[PDB]
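As structure tokens, one chain now follows by itself in the form solved without this ligand.
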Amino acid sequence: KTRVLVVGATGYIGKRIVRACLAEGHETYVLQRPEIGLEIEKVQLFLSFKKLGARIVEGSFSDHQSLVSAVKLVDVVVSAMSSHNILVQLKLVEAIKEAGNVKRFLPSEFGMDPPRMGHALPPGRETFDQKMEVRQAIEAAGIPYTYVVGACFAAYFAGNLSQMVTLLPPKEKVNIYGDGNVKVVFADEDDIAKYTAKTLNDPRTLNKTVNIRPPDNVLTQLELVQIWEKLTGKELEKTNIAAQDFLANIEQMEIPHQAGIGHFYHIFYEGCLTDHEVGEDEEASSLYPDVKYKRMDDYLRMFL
């Protein structure tokens, strides 16, 4: 019981959500679009889904009632859209509204909490406003909701030691942002997918914002580096980077990777993932203690 439709199942986090829902025990439906047809590694991905028991539902964002058709089948929709890919979610929102059977929607939120980013930095701000547009469509339709926020994906922030331009630990030299004493929240993407699978039929998170702040994984950038140093037995030579040398030459001197560099600043310089605090009734590791979340020392071991 609890039939779940996943839209965005070809995305980085959406792979993981489908497999987390299958293993949690939901009836997991996966929307198939004119996806591939065209691209090989997304058919095989979908084939791998059905070999585990996912049910394929064809639909298009161009075809409004194909979307109503997907969502008639389930109790809960989960979106993981990783062009304007966040704002296409509004085509789905009114599909859910026309259908009316939906007991919950979880929009594509799996990073910084958007209503806390009112004075974010252009162009980075576009993300949070586009996501806030979708919330409003939801709440204006009276669609019950859950928003999963709070944690940097370990692959994009923890395995590269928070460097940019690489997704792997460095070989001798590492940049520290500011003094390196600002605390960031890291979470293995698998554990975000599992927390997502557990919260969607949980009565205690209906119409609420769930934070993913696993206590062992609340780290300053400098502690994270030290973890890597201890696994390896080698210090890295470290250059501290002052705030204004961090946004140096953003101007339009990089393609809108400018959005990423700005999100990085809010996290690593201002500490927006940690500048407030959350209760046990709204944080994921307290709500689902059965989930043994991968600590960042274990994440990093995968790279030795």
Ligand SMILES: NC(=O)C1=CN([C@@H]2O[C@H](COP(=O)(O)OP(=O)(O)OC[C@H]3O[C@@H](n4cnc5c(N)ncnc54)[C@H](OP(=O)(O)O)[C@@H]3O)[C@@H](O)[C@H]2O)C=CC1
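Shifts are known only where both forms have a C-alpha. When you see a residue number, it is the position in the sequence shown, counting from 1. C-alpha atoms forming the largest set that superposes within 1.5 Å between two forms make up the rigid core.
Note that the form deposited with this ligand bound isn't included here; everything after this is about it.
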Would you mind fitting this ligand into the shown chain by superposing the local C-alphas on its pose in the deposited complex and telling me if the pocket reads open or blocked at 2.4 Å from backbone or C-beta atoms, 3 atoms or more being blocked? blocked
From the candidate stretches 151-159, 194-202, 230-238, 209-217, select the single one in contact with this ligand in the deposited complex, where contact means a heavy atom within 4.5 Å. 151-159
Check whether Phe105 has any heavy atom within 4.5 Å of a heavy atom of this ligand in the deposited complex, and answer yes or no. no
Please determine whether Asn85 contacts this ligand in the deposited complex, using a 4.5 Å cut-off between heavy atoms. yes
Can you work out whether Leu224 and this ligand are in contact in the deposited complex, taking contact to mean some heavy atom pair no more than 4.5 Å apart? no
Quick one: does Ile143 come within 4.5 Å of this ligand in the deposited complex, counting heavy atoms only? no
Between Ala242, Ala248, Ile36, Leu52, only one gets a heavy atom within 4.5 angstroms of this ligand in the deposited complex; which residue is that? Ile36
Here the chain is shown alone; which of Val174, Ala80, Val134, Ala95 has a heavy atom within 4.5 Å of this ligand in the deposited complex? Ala80
Output flag, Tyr29, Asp75 and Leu90 jointly within 4.5 Å of this ligand in the deposited complex, heavy atom basis: no
Quick one: with the rigid core lined up, which of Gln244, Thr239, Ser62, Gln252 moves its CA 2 Å or more between the shown form and the other one? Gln252
Given a rigid core superposition, which stretches of at least 3 residues have all Cα atoms displaced by 2 Å or more between the shown form and the other one? 252-256
